[PDB]
Structure formats: structure tokens, C-alpha cells
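Here is the structure we will look at.
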Amino acid sequence: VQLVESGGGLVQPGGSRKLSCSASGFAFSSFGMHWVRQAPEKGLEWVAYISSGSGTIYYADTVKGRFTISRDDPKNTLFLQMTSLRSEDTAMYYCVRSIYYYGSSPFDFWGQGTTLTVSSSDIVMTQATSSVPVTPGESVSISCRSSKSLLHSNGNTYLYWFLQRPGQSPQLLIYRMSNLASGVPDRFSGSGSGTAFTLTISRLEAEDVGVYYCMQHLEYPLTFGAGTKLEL
Amino acid sequence: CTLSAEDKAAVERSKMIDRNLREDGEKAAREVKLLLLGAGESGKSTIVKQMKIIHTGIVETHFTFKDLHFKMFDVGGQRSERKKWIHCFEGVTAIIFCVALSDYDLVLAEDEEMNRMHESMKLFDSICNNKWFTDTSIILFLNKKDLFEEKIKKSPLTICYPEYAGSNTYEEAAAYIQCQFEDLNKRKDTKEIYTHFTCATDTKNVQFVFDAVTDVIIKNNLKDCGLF
Amino acid sequence: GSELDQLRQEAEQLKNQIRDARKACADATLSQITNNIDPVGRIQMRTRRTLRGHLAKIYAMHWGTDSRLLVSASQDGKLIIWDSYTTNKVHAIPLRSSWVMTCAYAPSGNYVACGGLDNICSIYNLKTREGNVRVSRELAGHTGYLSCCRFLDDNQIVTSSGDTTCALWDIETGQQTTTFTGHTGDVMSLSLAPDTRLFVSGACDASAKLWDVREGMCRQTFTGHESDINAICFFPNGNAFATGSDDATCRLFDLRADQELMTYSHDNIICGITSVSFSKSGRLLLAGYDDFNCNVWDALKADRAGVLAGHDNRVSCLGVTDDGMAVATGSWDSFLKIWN
Amino acid sequence: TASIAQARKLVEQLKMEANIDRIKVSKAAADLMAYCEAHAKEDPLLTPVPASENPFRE
Amino acid sequence: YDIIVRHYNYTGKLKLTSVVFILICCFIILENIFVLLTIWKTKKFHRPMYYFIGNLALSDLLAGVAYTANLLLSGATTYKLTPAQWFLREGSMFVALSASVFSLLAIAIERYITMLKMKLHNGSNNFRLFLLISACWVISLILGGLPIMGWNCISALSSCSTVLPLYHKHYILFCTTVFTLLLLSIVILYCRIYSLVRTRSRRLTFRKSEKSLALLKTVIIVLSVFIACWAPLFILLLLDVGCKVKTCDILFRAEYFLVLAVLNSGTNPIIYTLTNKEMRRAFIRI
Ligand SMILES: FC(F)(F)c1cccc(-c2noc(-c3cc(-c4ccccc4)c(C(F)(F)F)s3)n2)c1
């Protein structure tokens, strides 16, 4: 699996370039693709979404009707083009794949990301703190609070969690409620009730440091948390 | 409505799965599928090697002719009981059959009392009068004729068939063998038997198979709308 | 030539001794004892879901470990994996040879196998890194066609072919480890034990045997049927198993006491049996006949207590879930129905 | 002379099978009855299930 | 309703057969409901082909019911009815007959569509079945409601037809044209259906018939039964449009020229059920 992006640089408001990513290593024609912005030294937010076969397309409430997005299955390339540009879109962009079926893990492989510099109702997810000091070999409890009971009529919650590593893209840890992802150790664990969610770590090493995030996927206008930083 | 966020995305996947299933269901239903049978030394290998070839256990051969895709299953490596795995071939267009005319003076191996022609007749009678193949026509092939003539010129036919009054000539011996093979057909008003003599020109065999399949298709289309 | 006569005489007198030993341990049948229990009145089961989408006959079906997912194999070359609750589909795995006669599901939900008429058992992977479904291994060591294959573990699989033999395979290495022989007719059905230590296979000439996996021999033999055996399933306890047949009769044998207990036959049915599976508590013996309908034969009373006649053609596969919540039946009209 | 091998295998198979112990039929019948009457509470087939619990509602 | 008697006196118009006739309608209803229950019960006849025959049987039953109702309402009490229910009674006959003829045309069109390209398989779209079932009923209802809308003929006493008063003369001339068109279409379609099967088996089967003669016999008997029945009514309808008033005497004895229509409507199911073997076996078994 591999995800590389290109098409970023210095532009002027009024015109914009087109962002393209190349996927190679899996069946791209059966994967839904997202686009996640990432402001510098801030929190990351959702932008767009395309289902398999360009069936359903959802946009963010801030850039609705301003960006155009489309897929290309025969060449395995995903394009994003902006019509009108402002002085706020200066951020990092990540394109992440996700497949939806019974027992799947959405946005498991994030990618690398590209930069972009410009010269110039909804569920709210809040974090408990911003940065706490911790020593190696100690259990830590991180809590993420929501404004609505995420427990659906099916019986499962929709609070996703992942770890942002310093310098690279984040990686999923537990997708739905507590189910551990593939490849990560069994030290991470989470629990909750429906309004107040928490995550616990058994052993803390020097390799897992960064910013933790909690995501809400009960409604299609996705939203993330402020992001709590783990200080060694 | 009641479905959650990612529960509506799982429904769209089932729709695409069903669309891909229905798209392939109308492609593999416009090609002719026909079974192949015969004895061990009935010349099935010669029949499958002479015709056009485009392609243990079952063997499938695919060939096209005059905008028609034929699939010929050669069930020759199945040593199990023919009763159990025969009901899966219920839906078939035709049933090729290969016999040998010259195989009437050679007694079977490890056996000193019965002949090969009688075994071929018994197998044909068991295939034609089965409860599954009560509607599919049967194409019957006569593979060897020159060697049969050379054998009947030296040895009379009375050794195999005890009742025969005609002379020792091929023109009537072939007709007598054909008439004896057509009589083993109890279902005379639901299926027809096409008799052919295999020649050295494979184009003739391919044309005969194509014409028989066209006749079967015309009869099935006439029976579809209840026109007769 | 005389030594062969002596061997036949010894074999014959061994069979007589076995018959007298089986007769000696019998005092009273099961029907004479269970005459003081209130039987179930009527079992009225209605259809709940109707999973459609196949375009040919259906020959096999197996339930998942979580009793939510199931897989069905059809003649058109598909291996669809359904969802029982929402009727949705999860995969549409194609096949190389569109002549299948069996199917299975791994106990961990990772793999799924499918034999067929091309005497090759293919093992598929469902938890790969990519989004497709690949072929993990292709086992080919049998002469005749395969009839049924069950996953003994996540790495070992047993198959029952048509060349009068049964063999245990190894998915990692690819070669078979132990081969079970002794049957005279083509084996066409088997079922693993609940504790996964033994298994039984039903021959095609009025015979059924009991095999052990570790040693690799036959322990006991069971006879009494007329035509042949066509479907076998274990009792949930593990000390009994009910065998189908073709002469409209299914019986219940015992492993500890190698003797028949009771038979479930009626003067109205003259048609064969295709599938047999017990219930959650071993009180209902579901049987799928080939006269376009099923039966809900009682286990200890030999009295019919229901008919699931909501089908068009002959049924070919049916099995109860793990928790005993529902049953699913598949017929030759490409229509699965979830009864509850 | 080749069927003597199969005959010998059959003879020793009969001999090794003739050493199995036998259990009374009444004991097996009582065990089956006890098993079906003990776990009869968790069987949703012969015991009707309320429509508010079965996941297969329509 | 005083105008209807003065119109009848202007046109010139002023029971044993009926009782015998009713039995005919009873037999028609019996055979049609028998065919309907035979089609509905057996699960084999579920493809779109065997639905057109059920539609034709239903239309035949409706035509028989309309005819027996019009016969019961007819008599000396014809002067008591208001023009509204009189128009309804007179238009029900057209509504039934047009539906029957259009169902026949739909059957022929479906047969030709099936026979055109050798399909190799029975299954086909239901986007055409529902279309052909709905179009016939739509056109029949429109033809039945056209005269009640603007062609009442109640304003003009002389412009009305002679055989049936309170009916525009040009209405019959309009109806006979579409009837002739449907007849010509049926004939041409059956001729092309026969010619196809005759020309395919003649050249595409040259290597190696009897079915062509049976097909020709079926086609010719179907056409000779459908054409011979609707001939006297057709010639009477064209004659009355051509024939002048008060000189033309055969038009008064028009009660006997109507039984042939219901006779054809009753004999069509017999032919359509005795032409195939599977339907015959299904009827014998039931
Ligand atoms: F007073 C009565 F007794 F009601 C009476 C007396 C005389 C005639 C009728 C009568 N009603 O409908 C019809 C007729 C209907 C049709 C017809 C049917 C289908 C298509 C096109 C036309 C006729 C025509 F065009 F095919 F030839 S004629 N004729 C009724």
C-alpha cells in the first residue's frame, strides 16, 4: 500500500491549482476516499468525501459548492480542484481511504500529505485538556466529551480514535468503540458510556508520543477534537 | 432515515454487488452449453482435436463459430458413480455422443463374452431414457467409417449382430447400424436424435453441430410462446 | 485358495459375534421409555428474511461463528456472503470452475473454502490488506469429486471425496497428513464433533463409520439403512448422530452403544432426504426432503410437529445457527429463507 | 494372489473393533432425556420468543 | 328522457331468442373463469407470455358480462332510461370489444418480438408487459368516453346513425378504419412470423420441415376464425354509413349480427388453450 500526493505550492487568491494523489497497491475502485485538512499547529478537520463509484459526495459546511472533487478508476488518481480561494486554506491536506461494510475499519491508512501556502446543529467534540506531563512506565487516561449520545439504535457507538505522530500522518488505534486496530500493540484500550468517552494505556514507551484526537462519525458532517498533546 | 451514517454506505455496496452479479448473469446466459459423452476408445479425443480449439476432473473447451460461443464439458476423468453428479447437468442445450463402427469385432479387455458395441448401445439407452434428459436432444456421431469398411470386407457383420439379412456392403450396413441406434429411444415425441458420419473435414462436423444447435434453438423458441 | 476360505469363515464368525454382542446389550427401545413426557403441540415457524440474488441452483450453505453471517455456493460460480439481519451482501467472490457441491466457513471468520466437481479444494482469504479476496491455497490430491469439507481448525481442513476415501489436509504446507480409507462406496457427507476430536462419514452403500483424527483409523461401524446415507449431523451432546438416507427414512444412532435407537419414517413420504441438522437443545430434528418442503420431526417422540413448506423446488442445504436463533434453507430455485 | 492383503486388513479390523465396551441402552436413553430436559430453557425454537427480543423482526 | 322516444320514432324503430342466448354468455363466463383459474393456480405459467392470455380471458369475460347486461336491459323498457345510462350501456360494448381486439394485437406483437431474434432464453423485461397491458385498456376507455364527451348526437336529430340512434354517423366511420388497421396489422404480423421460421430452417439447417406445416396450420386456422366472425358486423357497419335513411331495411334486423362477436370472444380461448400441449396437460390435470 502507498499513497503519495502532489500539487502544492504558493498561489494568489482568485485562482487555485488542482491537487492529485496516486494510489498503488490495492483495489482503488472499491474504496471510499476522504480529504482531511490540517491547519498548522491547530486541529485537523474534514473537507470532502466520495463514495465508491462517485455515488454520494458530501462537502464541508464552510466550502460547500466552492470545491469540486472527482475520482478516476482506470488511472487510479483522485483529483481536487478549488474554484474560489481565500486566505484560510493555508494548511496540510491528507487524502485517506475508507471502506464501509460489516466489520471494516475506516480510514486505516492515511498517507503522507501535501502543503499549500497562500500569500495574503453540528456535533461539537471537545477535549479535556491540551498537554499533560507524563513519565515512561505509567498508565494514562485521556477523556473526550461529546455533545450528543453517540450510541445509535444498532447498539454500537461511532467514536473513532487515532494517534498523530510528530512529523508524519496519524494512524488509527481503535475504530468503533474499543476494537483494536491491526498492527498496533494491545497496550491501548478505550471505554465509555455514550456521552463521556475515555481511553487508557497500560504501558507508555518512548515511541508513542504526540497528539491524540477523537472523531465523531454519527453524522456525515464529521468533526474532530481540539487535540491533546502527550509530553515526555 | 433510521439508518446511521456509515449504515447508508453499506447499503450502496450491496447495490453495486447486485449490479455486478446481474451484469454477469446476462453474459454467461447467451452462450451454448453442450455435454460430451462416449466410450474409452470411441474417438472422443479425435473429435475434440479435429474441431476448432480456442481454449483429471471435468475439462471445458471453448470455441466460437458464426457468432456463437460453445462450451463443451468433457466428463471423462470422473471415475465415481454417474448417478450422483448427473443432476447438475440438467440445464443443457445438446448432448454429443461418439461411437465407433469398427469397434464391433474387438471383445473388451479382461473379458471374453461381451463386446464393445453392446456396451455402447447400453450406455446410449441409459443416457436417452434418463429422467433428467427428457427434453434435450442428442447428437449422435459415427466416428470411424473407412476402418469399418475395411473390417467388414474381411469379417461379416453376423458375428456382432446375430440377426442380419442384408449383403456385406457398407451402404446398407451403416443404415442398419443407424436404425438399430435410433430404436433405443423411448421418448420419441419430446426429443430428436441427429445421426452423422464423421469425415476428415472438421468444417463439416462444426457445421453439423452449428445446424443442430440452431434447430434446437428454433424449436425452443417455438415452444416458448406456445405457438405449437 | 483354502486360506481365503478360512479368512472368510473367521470374518463371518466375527460378524456373528458382533451381532450377538449388540443383541445382548439391548433390553428396551427408547420409544418405550419416553412415554411420560409432554410433547410439543405445534411448531409454527414463519419466514422473516428472503435473501435473493442467485441465478442458479444452490448446493451448500454454512453459518458463521457469530450467527450473523453466512455463505452460499451456487452453480453459476459465485460464493456470496450474506448478512442475516439487514439482507445486505458483503462479498461476491467468484470461482474458477463453476461446478461446486460444498462450502464451509472458518470458526474464526478469516477463511472460507469451496470444493466442487474439479476435485480441488480452494481456500480463500477474507482479512487481507487490500480490498479484494485472494486464493490462499489450492489443495489437489484427490481423484474423485469432493462432496463436503469442514474446517477442523484455522490451519487444518478435512475433505470427503468420491474415490472411497477421506483425508486430512494442511493449509500451510499444502500436503495431506492422514488419509482415512475403508469405505466401499463414495463418501458424500461428514460432520465434525463438537469437541473436535472425532468425526463420522456416511458411505454410499448403507454404511456409516466413526473416525479419530489423532490415530487415523476407524473405531466403530454402523449399518441398518437400505439404500445409502446422504446427510449426517451430530447431537449437541456428542454421543449421538442422526443420519439421512434416500428411502424416506432418517435414524438416530449411538456412539457409546453401537446400536440403533429409533427411526423417523412415515407412510406418506416416499422421497429421499437431503439435509439433516439438530436444534440448540437437541429436541427438534429438522429434515429437508426433496418433495419441495422440509419437516420439523421431533427428536424423542418420532412425531412430526411442523412443516416449512414455503419453497418452490427441492431443498439442498439447511442449518441452525450457533445460538439457536433461526434456521436457513436453500433450494434449487436460488432463494434462501430465514425462518424463526 | 493379491486380495489376501485386503482380507487380512478386514480381519484385523474386525478383531480390533470387537474389543469395544458396550453401554446399556437405558442409560443412554436417560442421558439423552436429561440433556434435552436440562438445556430446554435456552432453546428459542420450541419455546416462543417475544417479538421485542428476536433480532429477526419484520 | 323525452327526446329518446322522439328520436327512436324518427329513426323508425318501434324474447324467445334471448333466453337461449343467456346460456351462451354463461358458458363463456364459465370457460373464461376456468382458463383464468388454470393460469393462476399453476406456478409454471408465470412468464410474461402467459399473462397476455390471462388478460385476453379477462377481457372476454368482461365482454360477455357487458353483452348479457345489455341484453337484459334491452326490451320494452328502453324508453325509461335517461340518455346518460343509455350512453353508458351502449358504450360498455365498445369498451369491451376494443379491449379484446387490442389484447389480441398485444399477444401477436409479443409473439413477433419473441420470435424475431432467437433469444436462447425465456426471461424478459416487464417494462413492456405492463406497457402493453395498460395501453390496451387506456385506448379502450378513451374510445368509450369519446362519444359521451362531444359526440352525443343529441343536438342533431338527423345526423345520428340509423341502427343505433343518439350516435354520430362519422363515429362508426372512424371506428371501422382503426378496426381495419388492426386487422391488417394482425395479418401482416402473423405472415412475417411464419415467413421467419420458414426461411431460417430452410437455409440454416441445410446439412441434414414438419414443424413448419403445423405452424402454417395454426396460423391459418387462427386467421380464418378471427376474420370470418367479424365480417358481417364489419359489412353492416360500413353499409349503414353508406346506406341512406328509410331506404335501407336490413339494418333493422341487427340483433342477430351481434351474437357472432361474443361467439368469437368465447371461441378464442378454446383455440388459444388447445394449440399448445403444456396448457392442455395442465387443464387435464386440474
Ligand atoms: F344496441 C346494441 F344492442 F347495444 C348494439 C347494436 C349494434 C351494435 C352494437 C355494438 N356495440 O359495439 C359494437 C362494435 C364494436 C366494434 C369494435 C370493436 C373493437 C374495435 C373496433 C370496433 C365494432 C367494429 F368496429 F369492430 F365493427 S362494432 N357494436 C350494439
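Naming works like this for the C-alpha cells: A, B, ... for the chains as they're shown, residue 1 at the start of each chain, ligands 1 onward in shown order.
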
Name each residue within 6 Å of ligand 1, counting only C-alpha atoms and all ligand atoms, as a PDB file with N, CA, C and O atoms, in the first residue's frame.
```pdb
ATOM      1  N   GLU E  90     -74.574   1.636 -23.965  1.00  0.00           N
ATOM      2  CA  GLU E  90     -74.146   1.469 -25.350  1.00  0.00           C
ATOM      3  C   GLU E  90     -72.627   1.534 -25.479  1.00  0.00           C
ATOM      4  O   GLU E  90     -72.053   0.933 -26.394  1.00  0.00           O
ATOM      5  N   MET E  93     -70.216  -1.821 -24.502  1.00  0.00           N
ATOM      6  CA  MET E  93     -69.939  -2.790 -25.557  1.00  0.00           C
ATOM      7  C   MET E  93     -68.668  -2.429 -26.318  1.00  0.00           C
ATOM      8  O   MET E  93     -67.812  -3.292 -26.555  1.00  0.00           O
ATOM      9  N   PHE E  94     -68.535  -1.162 -26.717  1.00  0.00           N
ATOM     10  CA  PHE E  94     -67.325  -0.726 -27.407  1.00  0.00           C
ATOM     11  C   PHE E  94     -66.103  -0.863 -26.508  1.00  0.00           C
ATOM     12  O   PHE E  94     -65.033  -1.289 -26.962  1.00  0.00           O
ATOM     13  N   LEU E  97     -65.177  -4.583 -26.564  1.00  0.00           N
ATOM     14  CA  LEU E  97     -64.717  -5.125 -27.839  1.00  0.00           C
ATOM     15  C   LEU E  97     -63.354  -4.563 -28.230  1.00  0.00           C
ATOM     16  O   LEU E  97     -62.480  -5.308 -28.701  1.00  0.00           O
ATOM     17  N   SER E  98     -63.154  -3.253 -28.058  1.00  0.00           N
ATOM     18  CA  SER E  98     -61.845  -2.675 -28.327  1.00  0.00           C
ATOM     19  C   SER E  98     -60.767  -3.269 -27.435  1.00  0.00           C
ATOM     20  O   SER E  98     -59.656  -3.520 -27.913  1.00  0.00           O
ATOM     21  N   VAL E 101     -59.881  -6.759 -28.894  1.00  0.00           N
ATOM     22  CA  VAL E 101     -59.082  -6.696 -30.118  1.00  0.00           C
ATOM     23  C   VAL E 101     -57.668  -6.214 -29.814  1.00  0.00           C
ATOM     24  O   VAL E 101     -56.685  -6.723 -30.374  1.00  0.00           O
ATOM     25  N   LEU E 164     -78.328   2.473 -34.532  1.00  0.00           N
ATOM     26  CA  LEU E 164     -78.317   2.870 -33.138  1.00  0.00           C
ATOM     27  C   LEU E 164     -78.460   4.387 -33.110  1.00  0.00           C
ATOM     28  O   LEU E 164     -77.531   5.103 -33.527  1.00  0.00           O
ATOM     29  N   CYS E 175     -64.394   4.405 -36.361  1.00  0.00           N
ATOM     30  CA  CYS E 175     -64.072   3.144 -35.696  1.00  0.00           C
ATOM     31  C   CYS E 175     -63.701   2.056 -36.700  1.00  0.00           C
ATOM     32  O   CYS E 175     -62.798   1.245 -36.445  1.00  0.00           O
ATOM     33  N   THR E 176     -64.391   2.012 -37.843  1.00  0.00           N
ATOM     34  CA  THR E 176     -64.131   0.946 -38.808  1.00  0.00           C
ATOM     35  C   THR E 176     -62.727   1.060 -39.392  1.00  0.00           C
ATOM     36  O   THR E 176     -62.099   0.044 -39.715  1.00  0.00           O
ATOM     37  N   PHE E 179     -60.360  -0.405 -36.897  1.00  0.00           N
ATOM     38  CA  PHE E 179     -60.542  -1.855 -36.895  1.00  0.00           C
ATOM     39  C   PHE E 179     -59.844  -2.500 -38.089  1.00  0.00           C
ATOM     40  O   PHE E 179     -59.170  -3.529 -37.942  1.00  0.00           O
ATOM     41  N   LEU E 233     -70.486  -8.083 -39.092  1.00  0.00           N
ATOM     42  CA  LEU E 233     -70.575  -6.823 -38.366  1.00  0.00           C
ATOM     43  C   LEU E 233     -69.829  -5.711 -39.092  1.00  0.00           C
ATOM     44  O   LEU E 233     -70.305  -4.571 -39.137  1.00  0.00           O
ATOM     45  N   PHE E 234     -68.677  -6.031 -39.683  1.00  0.00           N
ATOM     46  CA  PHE E 234     -67.914  -5.042 -40.438  1.00  0.00           C
ATOM     47  C   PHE E 234     -68.690  -4.553 -41.655  1.00  0.00           C
ATOM     48  O   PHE E 234     -68.776  -3.340 -41.903  1.00  0.00           O
ATOM     49  N   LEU E 237     -71.576  -2.352 -40.505  1.00  0.00           N
ATOM     50  CA  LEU E 237     -71.139  -1.037 -40.058  1.00  0.00           C
ATOM     51  C   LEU E 237     -70.753  -0.142 -41.227  1.00  0.00           C
ATOM     52  O   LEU E 237     -71.044   1.058 -41.202  1.00  0.00           O
TER      53      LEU E 237
END
```

| task | Define the interface residues of chain A facing chain C as those within 8 Å, counting only C-alpha atoms, and report them as JSON, numbers by chain. | result | {"A": [1, 25, 26, 27, 30, 31, 101, 102]}

| query | Got a sec: who's within 12 Å of range 192-194 of chain E, counting only C-alpha atoms, leaving out chain neighbours fewer than 5 positions off, as a ChimeraX atom specification? | reply | /B:221-222,225,227 /E:108-117,185-187,199-201,211-220

| said: Just to confirm, what's the straight-line distance from CA of residue 13 in chain C to CA of residue 8 in chain D in Å (one decimal)? | reply: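 Between CA of residue 13 in chain C and CA of residue 8 in chain D the gap works out to 14.6 Å.
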
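Residue neighbourhood of range 93-97 of chain B, excluding near-sequence residues (fewer than 5 positions): residues 32, 33, 34, 35, 36, 37, 38, 136, 137, 138, 139, 140, 141, 213 and 216 of chain B, at 8 Å, using only C-alpha atoms.
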
Write the selection just made, keeping N, CA, C and O atoms, as a PDB file, in the first residue's frame?
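Written out: out31.pdb:
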```
ATOM      1  N   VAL B  32     -23.968 -21.209 -25.842  1.00  0.00           N
ATOM      2  CA  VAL B  32     -24.487 -22.570 -25.894  1.00  0.00           C
ATOM      3  C   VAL B  32     -23.597 -23.480 -25.062  1.00  0.00           C
ATOM      4  O   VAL B  32     -22.368 -23.466 -25.202  1.00  0.00           O
ATOM      5  N   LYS B  33     -24.214 -24.275 -24.192  1.00  0.00           N
ATOM      6  CA  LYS B  33     -23.514 -25.250 -23.369  1.00  0.00           C
ATOM      7  C   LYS B  33     -23.982 -26.642 -23.760  1.00  0.00           C
ATOM      8  O   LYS B  33     -25.188 -26.912 -23.774  1.00  0.00           O
ATOM      9  N   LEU B  34     -23.035 -27.522 -24.080  1.00  0.00           N
ATOM     10  CA  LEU B  34     -23.359 -28.859 -24.552  1.00  0.00           C
ATOM     11  C   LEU B  34     -22.391 -29.875 -23.964  1.00  0.00           C
ATOM     12  O   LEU B  34     -21.182 -29.637 -23.911  1.00  0.00           O
ATOM     13  N   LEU B  35     -22.938 -31.001 -23.520  1.00  0.00           N
ATOM     14  CA  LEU B  35     -22.180 -32.068 -22.885  1.00  0.00           C
ATOM     15  C   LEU B  35     -21.578 -32.996 -23.936  1.00  0.00           C
ATOM     16  O   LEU B  35     -22.024 -33.048 -25.084  1.00  0.00           O
ATOM     17  N   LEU B  36     -20.543 -33.729 -23.530  1.00  0.00           N
ATOM     18  CA  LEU B  36     -19.887 -34.709 -24.383  1.00  0.00           C
ATOM     19  C   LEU B  36     -19.787 -36.035 -23.646  1.00  0.00           C
ATOM     20  O   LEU B  36     -19.460 -36.070 -22.457  1.00  0.00           O
ATOM     21  N   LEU B  37     -20.071 -37.124 -24.357  1.00  0.00           N
ATOM     22  CA  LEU B  37     -20.020 -38.463 -23.788  1.00  0.00           C
ATOM     23  C   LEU B  37     -19.398 -39.413 -24.800  1.00  0.00           C
ATOM     24  O   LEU B  37     -19.024 -39.021 -25.907  1.00  0.00           O
ATOM     25  N   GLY B  38     -19.289 -40.670 -24.408  1.00  0.00           N
ATOM     26  CA  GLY B  38     -18.728 -41.690 -25.274  1.00  0.00           C
ATOM     27  C   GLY B  38     -17.948 -42.709 -24.474  1.00  0.00           C
ATOM     28  O   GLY B  38     -17.759 -42.583 -23.266  1.00  0.00           O
ATOM     29  N   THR B 136     -33.812 -32.656 -23.750  1.00  0.00           N
ATOM     30  CA  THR B 136     -32.648 -32.252 -24.526  1.00  0.00           C
ATOM     31  C   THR B 136     -32.386 -33.257 -25.641  1.00  0.00           C
ATOM     32  O   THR B 136     -32.330 -34.466 -25.394  1.00  0.00           O
ATOM     33  N   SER B 137     -32.224 -32.754 -26.862  1.00  0.00           N
ATOM     34  CA  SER B 137     -31.922 -33.615 -27.992  1.00  0.00           C
ATOM     35  C   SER B 137     -30.527 -34.214 -27.849  1.00  0.00           C
ATOM     36  O   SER B 137     -29.710 -33.772 -27.038  1.00  0.00           O
ATOM     37  N   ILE B 138     -30.256 -35.237 -28.655  1.00  0.00           N
ATOM     38  CA  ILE B 138     -28.995 -35.963 -28.608  1.00  0.00           C
ATOM     39  C   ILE B 138     -28.401 -36.004 -30.006  1.00  0.00           C
ATOM     40  O   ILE B 138     -29.029 -36.521 -30.937  1.00  0.00           O
ATOM     41  N   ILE B 139     -27.197 -35.462 -30.155  1.00  0.00           N
ATOM     42  CA  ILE B 139     -26.436 -35.552 -31.395  1.00  0.00           C
ATOM     43  C   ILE B 139     -25.575 -36.803 -31.326  1.00  0.00           C
ATOM     44  O   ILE B 139     -24.812 -36.986 -30.370  1.00  0.00           O
ATOM     45  N   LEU B 140     -25.694 -37.664 -32.330  1.00  0.00           N
ATOM     46  CA  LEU B 140     -25.011 -38.949 -32.345  1.00  0.00           C
ATOM     47  C   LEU B 140     -24.023 -38.977 -33.504  1.00  0.00           C
ATOM     48  O   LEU B 140     -24.389 -38.665 -34.642  1.00  0.00           O
ATOM     49  N   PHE B 141     -22.779 -39.343 -33.212  1.00  0.00           N
ATOM     50  CA  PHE B 141     -21.693 -39.318 -34.182  1.00  0.00           C
ATOM     51  C   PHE B 141     -21.223 -40.733 -34.492  1.00  0.00           C
ATOM     52  O   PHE B 141     -21.143 -41.581 -33.599  1.00  0.00           O
ATOM     53  N   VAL B 213     -27.598 -27.140 -33.304  1.00  0.00           N
ATOM     54  CA  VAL B 213     -27.867 -26.173 -32.244  1.00  0.00           C
ATOM     55  C   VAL B 213     -28.882 -25.134 -32.707  1.00  0.00           C
ATOM     56  O   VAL B 213     -29.764 -24.723 -31.941  1.00  0.00           O
ATOM     57  N   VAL B 216     -32.286 -26.720 -32.538  1.00  0.00           N
ATOM     58  CA  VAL B 216     -32.747 -26.799 -31.153  1.00  0.00           C
ATOM     59  C   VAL B 216     -33.224 -25.436 -30.669  1.00  0.00           C
ATOM     60  O   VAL B 216     -34.240 -25.327 -29.972  1.00  0.00           O
TER      61      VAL B 216
END
```

Could I get the residues of chain A with an atom no further than 6 Å from an atom of chain B, each paired with its nearest atom pair and that distance in Å to one decimal, using only C-alpha atoms, sorted by chain and residue number, as a tab-separated table?
```
residue	atom	partner	partner_atom	distance
A:100	CA	B:10	CA	5.6
A:101	CA	B:10	CA	5.1
A:218	CA	B:5	CA	5.5
A:219	CA	B:5	CA	5.3
```

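Between CA of residue 66 in chain E and CA of residue 256 in chain E the interatomic distance comes to 16.7 Å.
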
| request: Compute the set of chain B residues within 7 Å of chain E, using only C-alpha atoms, and express it as a list in words. | output: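 In the required form, that comes to residues 30, 208, 211, 215, 217, 221, 224, 225, 226, 227 and 228 of chain B.
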
| message | When you look at residue 163 in chain A with a cut-off of 6 Å (counting only C-alpha atoms), what residues show up, excluding the ones that are within fewer than 3 positions of it in the same chain? I need them as a PyMOL selection string. | response | chain A and resi 170-171+212

| message | Set the distance at 10 Å and use only C-alpha atoms: which residues neighbour residue 48 in chain D once local chain neighbours fewer than 5 positions away are removed? I'd like the list as a PyMOL selection string. | response | (chain C and resi 43-45+340) or (chain D and resi 43)
